[PDB]
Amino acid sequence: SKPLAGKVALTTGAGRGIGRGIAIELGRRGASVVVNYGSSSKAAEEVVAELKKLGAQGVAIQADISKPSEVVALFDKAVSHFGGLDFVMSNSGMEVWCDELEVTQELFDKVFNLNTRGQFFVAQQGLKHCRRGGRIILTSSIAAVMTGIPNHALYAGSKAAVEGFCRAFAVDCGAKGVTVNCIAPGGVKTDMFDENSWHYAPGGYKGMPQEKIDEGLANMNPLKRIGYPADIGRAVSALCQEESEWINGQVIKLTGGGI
């Protein structure tokens, strides 16, 4: 039950949320994992510990993904620790809601530096280091293409940008035999989801009980449940298999068919 045995994965923002779920599912299948974290050092070591309990190797490495020089440092350290890399999961990100009239250059820069520029440099580093048969997977969101959501231009734009990076990088990574895809999840139970899901729930309002949100979202899902980090980690695991080689340069929505 170890299709990824002998491979090395790097996941940005793997200390918690989706990042953690991806790190765990990759490790459960044999991959050694570099658990990057921005500031959640304790959560990251906890993930390394969870990996160990699953028989997987891992290492927590701090790096501020919104700073390109730190992304380069992160990769240098990861390669120094595990000797090479195969899979790169660009996951770090932030939600953001703001009246467009109130958006300042500072807020704009903060959002794009992490959500977009950070992913560009993580992808550049993947092109630089990923071994043949490798995989680079960026993170967009269904919000990049959704309609009817207000005060969300920074988030929608920063995620849509990454979809353009995916198609470009797939061409650029071809000679190296590394595929590049982009995942676009629907709602997934995490801290970000608990803070922002009301904006997506049918009839949602600020202050709506989380259980009601969860129920409204699950009811809009063909599978009648909300997604969890493990659902994303399992799908990413499948994309990391040799079997997924012919899937390249694609934006894949991971929604269970819901929202």
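Residues carry their position along the shown sequence, with the first being 1.
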Highest mean C-alpha temperature factor of the two stretches 22-30 and 217-225, which is it?
217-225
Of 158-166 and 84-92, the stretch with the higher mean C-alpha B-factor in the deposited entry is 84-92
Go through 142, 73, 123, 153 one by one and give the residue whose Cα B-factor in the PDB entry is largest.
73
Say you rank 77, 176, 117, 135 by Cα B-factor from the PDB entry; which sits at the top?
77
Which third of the chain holds residue 181 when residues are ordered by C-alpha B factor: lowest, middle or highest?
lowest
Would you mind checking where the Cα B-factor of residue 252 ranks among the modelled residues of its chain, as the lowest, middle or highest third?
lowest
Can you work out whether the C-alpha temperature factor of residue 234 puts it in the lowest, middle or highest third of the chain?
lowest
What third of the chain, by the recorded C-alpha B-factor, contains residue 146?
highest
